[PDB]
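**Student:** Take a look and give me a structure for this.
(3 chains)
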Amino acid sequence: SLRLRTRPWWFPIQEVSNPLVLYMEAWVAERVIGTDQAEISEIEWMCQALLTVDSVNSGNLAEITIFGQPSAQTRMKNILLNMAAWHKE
Amino acid sequence: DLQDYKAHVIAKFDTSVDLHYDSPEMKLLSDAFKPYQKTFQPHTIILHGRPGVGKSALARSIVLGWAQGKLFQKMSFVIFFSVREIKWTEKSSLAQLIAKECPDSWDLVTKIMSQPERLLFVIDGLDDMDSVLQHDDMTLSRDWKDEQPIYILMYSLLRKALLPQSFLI
Amino acid sequence: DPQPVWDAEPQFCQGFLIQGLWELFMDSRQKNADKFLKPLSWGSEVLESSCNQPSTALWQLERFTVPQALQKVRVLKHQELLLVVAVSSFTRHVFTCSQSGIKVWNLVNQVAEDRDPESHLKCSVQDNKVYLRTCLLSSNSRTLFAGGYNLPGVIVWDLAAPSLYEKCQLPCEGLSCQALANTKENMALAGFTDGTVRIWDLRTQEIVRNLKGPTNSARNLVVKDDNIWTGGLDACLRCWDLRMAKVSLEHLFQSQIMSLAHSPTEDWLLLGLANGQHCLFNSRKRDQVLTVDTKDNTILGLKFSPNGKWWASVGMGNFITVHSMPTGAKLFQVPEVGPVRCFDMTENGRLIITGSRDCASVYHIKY
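**Tutor:** Numbering: from 1, shown residues only, chains lettered A, B, ... in the order given. What follows is the structure:
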């Protein structure tokens, strides 16, 4: 198997090494991300972190990939969970 | 003669059929040589990753697919080096250096004139290049078919000096 | 004729083991307490402990602190004399341009002496002979500015796109930049060598206004909400208001002006004379100037704290000196090898830079 994704010049090469994958139910996960790529990039710059989501398994589970400094990885996870909580209601 | 070279390329690499496919990963790489935004359009593309994964196989599939065609419409002919196979101690002309890789040489010198409009150029390795290379003294050659050492020649393509309006992988 | 002798400052623990291992490798094939520094973690903080105080502060006095010393951590090597530095604590990128190229360095790397920049953005390829002497970075860290001598314009780049490239030009054909400025309302302006101060719309790339004065009078420029302050060899200070676009204040000073500074929260203004004399001015009251400190050598650079409670001085006196706000008294000194020219500070008040001859020496602010 293979997987490709573009890396911005601003990000350090060392930061790319640790994944921070988080496992959450797929219906809960893919809906929060949204289909608009432009909004993704704006969120990408504000947190100084990388976001990439893929739901290839037919099951109801999805995974997320976040790259960055430990302080930056925390910020995105908190916001993503908060939006996931919002989608419940 | 290009069709003969394409058939020669096909016979060179037939190891795997799963690696060569019209996957959506292809359409991303084809879109990579396109302006992400209308203001900026890129020409140099770097594929980096952990050494174990099939980076060389991925580059090999791009070489094989071009023989099948339709991979890149803006792009004529690939030039493939593998730095692990050949040492860089000796010095030979760039036209001579690329003459060994490609079957014919009479078209190759005439091929250089047609390179700037649409071009391919693929590298494998250079991880052992940088450590061996002293980088204390450096030179730049602005003309092709010159009898120059390989690593000064290799520096020339990257800076776009020897190949203006070229494309890199 | 005192001369400093340079030493390997870091002596990091990580490098000590590696160095010891190499020497044993060569020894085998022959027949044929130590003080270590704290590394800059993630290029953001040092993770150390603060210093003691004789007493405690008020409940309303908590974030107003002043430094006590400076400690050197890394040395950045550049070929030509660097003239300007930037910090950009948001992205951890240090900018030091000079000669033909611009060199950008990232603080994530952990090395005693760093020689490989993140990039080498050259400018001599565009035209045969153009020299540059200044840069400016936006507050949002999304645009880089750099002015030159024979440049046809001022270079504007992007730090948010996936790649780095050029976006705007802001033409200036027969002028030498020597100064740049920016403001909140999304346009910029520069002050050339002949008092030429004019404003371009950043987005539309169009000239909106032109301000002209005496030659050399625009060497130093400071922007405010609606006020612009100039100064040059004429030893005069002029205040321009954007609303009606003309001078509003004029004051005479005894010697040449070389530096300017502004407080972030208060309404003070700082000046630097050619004879090492410091001056204070009230931006709002505009009553009179007063002097606090005199120095033998000239003054080349000054900058305030992010909270605006202190400042540091750099000149050709083989020293760097810091002072407090209320009085201006001297706090501490650090000698260098050559006459320094430029320095910059972070936005969170954690690091500092300083360049003497060809290499930038980054220190750490010890509170």
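**Student:** What residues of the helix or strand harbouring residue C:323 count as buried?
**Tutor:** Residue C:323 is part of strand C:320-324, with elements assigned from DSSP states H and E. Of all the residues in strand C:320-324, those buried under the rule 16 or more other Cβ atoms under 10 Å in any protein chain shown are C:320, C:321, C:322, C:323. No exception for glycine: its C-beta is placed from N, CA and C like everyone else's.
**Student:** Please tell me I have it right and the last one contacts residue C:302.
**Tutor:** No. With contact taken as Cβ atoms under 8 Å, residue C:323 and residue C:302 are classed as non-touching, separated by 9.4 Å.
**Student:** The spatially closest residue to residue B:67 that is not a sequence neighbour: what secondary structure?
**Tutor:** Nearest residue to residue B:67, sequence neighbours excluded (Cβ to Cβ, 6 or more residues apart in numbering or on different chains): residue B:6, at 4.1 Å. Using DSSP: H, G, I helix; E, B strand; the rest coil, the structure places residue B:6 in helix.
**Student:** before we move on, the earlier item: touching the helix or strand following the strand holding residue C:323 from outside, list them.
**Tutor:** Counting by DSSP H and E, the element after strand C:320-324 in chain order, helix or strand, is strand C:330-334. When contacts are defined by Cβ atoms under 8 Å, 6 or more residues apart in numbering or on different chains, strand C:330-334 is touched by residues C:66-70, C:293, C:310, C:319-324, C:363.
**Student:** Please repeat the previous calculation with a cut-off of 7 Å.
**Tutor:** C:69, C:70, C:319, C:320, C:321, C:322, C:323, C:324 (Cβ atoms under 7 Å, 6 or more residues apart in numbering or on different chains).
**Student:** Repeat that for stretch C:67-86.
**Tutor:** Against stretch C:67-86 from outside (Cβ under 7 Å, 6+ apart): C:9-10, C:37, C:40, C:51, C:94-96, C:98-99, C:103, C:105, C:113-115, C:133-135, C:137, C:322, C:332, C:334, C:341-344, C:352-353, C:355, C:357-367.
**Student:** gap between the residue of chain A most remote from its centre and residue A:27?
**Tutor:** When each C-alpha in chain A is compared with the mean C-alpha position (Cα atoms, centre = their mean), residue A:89 comes out farthest, at 21.8 Å. Going from residue A:89 to residue A:27 by Cβ to Cβ, to the nearest Å gives 15 Å.
**Student:** which residues does the residue in chain C that chain A sits nearest to contact?
**Tutor:** In chain C, the residue that lies nearest chain A is residue C:108 (4.3 Å; Cβ to the nearest Cβ). Listed by Cβ under 7 Å, 6+ apart, the contact partners of residue C:108 are A:12, A:14, C:42, C:43, C:92.
**Student:** now it, nearest residue through space, not along the chain?
**Tutor:** Of all residues not flanking residue C:108 in the chain, residue A:12 sits nearest, at 4.3 Å (Cβ to Cβ, 6+ apart).
**Student:** could you list every residue that touches residue 48?
**Tutor:** Reading this off chain A. For residue A:48, the contact set (Cβ under 7 Å, 6+ apart) comprises A:68, A:72.
**Student:** That was the other one, I meant chain C.
**Tutor:** Residue C:48 makes contacts with residue C:38, as judged by Cβ under 7 Å, 6+ apart.
**Student:** Okay, it and residue C:365: tell me how far apart.
**Tutor:** 11 Å.
**Student:** Kindly report the same for residue C:62.
**Tutor:** 18 Å.
**Student:** what's the offset of stretch C:28-35 from the middle of its chain?
**Tutor:** 43 Å (Cα atoms, centre = their mean, to the nearest Å).
**Student:** buried residues in it?
**Tutor:** Within stretch C:28-35, no residue is scored as buried using 16+ other Cβ under 10 Å.
**Student:** Start from the N-terminal end of chain B and give the strands.
**Tutor:** B:80-82, B:122-124 (DSSP state E).
**Student:** Dump these into CSV; add mean neighbour count and distance to residue B:115 as well.
**Tutor:** Converted to CSV, those look like this (neighbours: other Cβ atoms under 10 Å in any protein chain shown; distance: least, Cβ to Cβ, whole Å):
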stretch, mean neighbour count, distance to residue B:115
strand B:80-82, 17, 15
strand B:122-124, 16, 14
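**Student:** Tabulate those in CSV, adding columns for distance to chain A.
**Tutor:** Conversion of the strands of chain B to CSV gives the following (distance: least, Cβ to the nearest Cβ, whole Å):
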stretch, distance to chain A
strand B:80-82, 20
strand B:122-124, 17
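**Student:** Looking at those strands, which is nearest to chain C?
**Tutor:** strand B:122-124 (19.7 Å).
**Student:** Around chain C, pick out the residues from chain B.
**Tutor:** With Cβ under 7 Å from any Cβ of the partner chain as the criterion, chain B meets chain C at residues B:36, B:37, B:39, B:40, B:42.
**Student:** change it to 10 Å
**Tutor:** With Cβ under 10 Å from any Cβ of the partner chain as the criterion, chain B meets chain C at residues B:36, B:37, B:39, B:40, B:41, B:42, B:44, B:135, B:159, B:161.
**Student:** Looking at those, spot the one nearest chain A.
**Tutor:** The closest of the residues of chain B next to chain C, once distances to chain A are taken by Cβ to the nearest Cβ, is residue B:36, at 8.4 Å.
**Student:** For the closest one, which residues are in contact?
**Tutor:** The neighbours of residue B:36, taking Cβ atoms under 10 Å, 6 or more residues apart in numbering or on different chains as the test, are A:6, B:42, C:161, C:162, C:163.
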